[PDB]
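Residue numbers (the deposited numbering), protein chains in the order written: chain B, 594 to 609, 614 to 707; chain A, 594 to 609, 614 to 707.
Cβ coordinates follow ideal geometry from the N, Cα and C atoms, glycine included.
This is the structure in structure tokens:
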């Protein structure tokens, strides 16, 4: 029915040889998938993330801090000019920085 | 001396891990070089050509027709508008097409 058509188009947003996906014992996608020398991170549905692919190596997949940082930075691009919305700071290994600050107020964080 | 400096800068136009170049019995670069799943064509000095690199495969290196075609097309970009300079036509495998034409005159070619 036409409701099924609407579900099929909605599912098809972001859709695409001898690649063999790697699965876990529980039947879920292993979050690192590799073929022909490349490796990338995937979500629950096994879709590649935009910046995960790394040649000749195995990527570290995004952490909590890194995902919040990439989410708050896609909303600082809607705020008006000369305005600040909080954006967490993450180390190179994905961890949070010990101190976070916002409108001249600073906290220690876990 | 300052003449040596001029030679070193001139040589350095178009200059750049665990890559091991493959050589021939006569000590010349093998014209296909591969590392970590990629493969590309090289010249006598062992420099990669612009469009040779192919992932997961082994490229066919440019032929006579293909090199003439790429040379005549970098000079049709200096001719005036509405003007024709001859440009050979090559098959997908690099061979010449049986018939070549120019200013309404056609030839069979070897």
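Backbone CA spacing between residue i and residue j [nearest angstrom]
i: residue 542 of chain B; j: residue 601 of chain B; result: Limits of chain B in this structure are 594 at one end and 707 at the other, which puts residue 542 of chain B out of reach.
i: residue 615 of chain B; j: residue 659 of chain A; result: 28 Å
i: residue 628 of chain A; j: residue 683 of chain B; result: 54 Å
i: residue 674 of chain B; j: residue 664 of chain B; result: 16 Å
i: residue 702 of chain B; j: residue 695 of chain B; result: 14 Å
i: residue 686 of chain B; j: residue 662 of chain B; result: 7 Å
i: residue 598 of chain A; j: residue 644 of chain A; result: 22 Å
i: residue 670 of chain A; j: residue 625 of chain A; result: 30 Å
i: residue 603 of chain B; j: residue 646 of chain B; result: 19 Å
i: residue 638 of chain B; j: residue 667 of chain A; result: 39 Å
i: residue 693 of chain A; j: residue 705 of chain A; result: 10 Å
i: residue 688 of chain A; j: residue 635 of chain A; result: 25 Å
Among the options, nearest to residue i - alpha-carbon criterion
i: residue 630 of chain A; options: A:691, A:667, A:706 and A:650; result: A:650
i: residue 700 of chain A; options: A:606, A:596, A:681 and A:691; result: A:681
i: residue 608 of chain A; options: A:594, A:642 and A:706; result: A:642
i: residue 653 of chain B; options: B:666, B:633, B:640 and B:639; result: B:633
i: residue 657 of chain B; options: B:707, B:690 and B:606; result: B:690
Any C-beta of chain A under 7 Å from that of residue i
i: residue 619 of chain B; result: no
i: residue 686 of chain B; result: no
Per-residue contacts from residue i into chain B (C-beta, under 7 Å)
i: residue 653 of chain A; result: 633
Any C-beta of chain D under 7 Å from that of residue i
i: residue 625 of chain A; result: Absent from the structure: chain D. Protein chains present are B and A.
Near the ligand PLP: residue i beta-carbon under 6 Å from a heavy atom
i: residue 678 of chain A; result: This structure does not include the ligand PLP; it has no bound ligands of any sort.
Review point. Can you list the beta strand (DSSP E) stretches of 3 or more residues lying completely in the segment 615-649 of chain A, in chain order?
Key: 629-632 and 635-638
Practice item. Output the residue ranges of the beta strand (DSSP E) runs that lie fully inside the segment 662-691 of chain B and measure 3 residues or longer, sorted by chain position. Key: none
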